[PDB]
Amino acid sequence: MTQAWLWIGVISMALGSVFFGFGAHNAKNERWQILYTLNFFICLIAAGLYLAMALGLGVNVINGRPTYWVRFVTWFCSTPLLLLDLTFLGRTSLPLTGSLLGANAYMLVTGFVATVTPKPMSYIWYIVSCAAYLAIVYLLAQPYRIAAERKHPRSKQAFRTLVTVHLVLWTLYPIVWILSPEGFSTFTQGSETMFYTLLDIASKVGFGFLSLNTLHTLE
């Protein structure tokens, strides 16, 4: 059921926050503190999202089906910080950071329009949103990776792992979307929630740990 996964999401994000929080406090140096604090806020942001959705907020019937528009409101806040874990670890220049944040903001807004518009029109917006996402794939796969590998020549494998896991996790969101009642409707509303919840826990708590392990590798 929808409620079950929304409550699993609340506790998992809340417990993720406690761990990153206890890590933020008791951090060795400033570099460790910033990384734990970024991840603490990401999980606090997702905890709030799931708490509102679990309590039945941020949902309205759009085009016949119940739609959690609040997901886009918070993804607009957490995804930029999730991209900052990468640029912070990589020590990426401000212009590339701006490009990434720019493309990320374009993808979510057009992605939001695809969710609230009736079909076939929504497919146009889904396509626009995917092109913005493919602009991010390129930025991380090419200029981000190159700059990060030239800055950390003994740790090329750490950035390949960061980027690849990021690519695998972020690609499943438009897939879930196109297979849900928003697209082809191959599965219900209940499966869509389970999928987004598993994806969110993985992209926030999971990537959270991966970014800390990456910093231990970099030393």
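So that there is no doubt, residue numbering starts at 1 and follows the sequence shown.
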Original post:
Of 111 to 119 and 77 to 85, which one has the bigger average CA B-factor?
Top reply: 111 to 119
**OP:** Return whichever of 57 to 65 and 158 to 166 has the greater mean Cα B factor according to the PDB record.
**Re:** 57 to 65
Original post:
Taking the Cα B-factors listed in the entry, which of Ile124, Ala147, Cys130, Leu101 comes out highest?
Top reply: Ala147
**OP:** By the entry's C-alpha temperature factors, tell me which of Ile178, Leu172, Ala46, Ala27 sits highest.
**Re:** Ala27
**OP:** Check where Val205 lands among this chain's C-alpha B-factors and tell me if it's the lowest, middle or highest third.
**Re:** lowest
**OP:** Could you say whether, by C-alpha temperature factor, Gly9 belongs to the lowest, middle or highest third of its chain?
**Re:** lowest
**OP:** Place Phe41 in the lowest, middle or highest third of its chain's C-alpha B-factors, as listed in the PDB entry.
**Re:** middle
Original post:
Hey, what third does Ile136 fall into on Cα B-factor, ranked over its chain?
Top reply: middle
